[PDB]
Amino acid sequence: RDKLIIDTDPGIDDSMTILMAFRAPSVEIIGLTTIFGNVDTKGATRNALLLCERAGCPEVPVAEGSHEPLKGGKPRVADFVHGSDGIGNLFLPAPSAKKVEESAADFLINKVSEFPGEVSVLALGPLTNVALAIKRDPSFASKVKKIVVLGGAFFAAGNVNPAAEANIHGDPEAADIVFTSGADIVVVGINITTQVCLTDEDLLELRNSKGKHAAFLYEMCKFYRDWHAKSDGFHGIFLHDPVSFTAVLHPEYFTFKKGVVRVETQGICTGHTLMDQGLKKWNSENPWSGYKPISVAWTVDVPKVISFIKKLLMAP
């Protein structure tokens, strides 16, 4: 039983991940921390609370995080990807369960300090709360067991624009703080997650399954699948956040390369993630020199990942 905190912006695929995580027996969800991205932070908290109620676990703490990136300013949210409500325009009634008093940053510091080296963090949105925890407690990185990050585009196109992936673009300063923190980090970029999909056929199979949340998941995914058809020209959905959850439980379904990762924080390439694989000896020092390397997902065993995700989504 691995202790896990999910830092998230639910979010359609975040919602699928959270419901999958509640059904996983080898995982103990000790809390959900929320962030902006797919929806404003208040909307993410509302969804996280609704998901806890839906999974039959309203006692699981939900800690609201930052309303804006580290640099400040009202974030632009992906309402064209996840709907006005962040869950595909289902416009569900409000939760009865309430968030905890403490911020997501304080919740992360407290839980990780309570069980040092035992709590893993699965980061499914912009990395603001994680960076805030790193800055407020400089021992946070060393106490966290592992940080599995869904974010970045390594030697591949971004999904916000050609340079940047959404989570990194949401807070490039926070991502750069996290990637250079010295913590045990595993980054799963969209160069990996775009290889893992659910087709229209797979979604119909989910709708017709005996899955506990099959009907709700299918309904939510309609809006998400429609964005994929309009933007990527793909008839189905990419499984971004469910793949990073698979990397927590089954890292053996992937291969990783170690390297220093830096994030561009200004100019036309704001939010671009770049890894130094260390295969070339540089003549002089550069921005990738001297930092501790992190693990970057390089390859994925697509059938094994799909099988694992499908069995959790279709579990009665």
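For every residue, the number given is its place in the sequence shown, counted from 1.
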query	finding
Mean C-alpha B-factor comparison - 223 to 231 and 204 to 212, higher one	204 to 212
Selected stretch [higher average CA B-factor]: 277 to 285 or 253 to 261	277 to 285
Highest-ranked of 69, 37, 271, 58 once sorted by CA temperature factor in the record	58
Top Cα B factor in the deposited entry, candidates 296, 18, 12, 24	24
Where the record places residue 290 (Cα B-factor, split into thirds across the chain)	highest
For residue 49, the third of its chain into which the C-alpha B factor falls	lowest
Residue 74 - Cα temperature factor, lowest/middle/highest third of chain	highest
Third of the chain, ranked by Cα B-factor, where residue 218 sits	middle
Residue 85 by Cα B-factor - lowest, middle or highest third of the modelled chain	middle
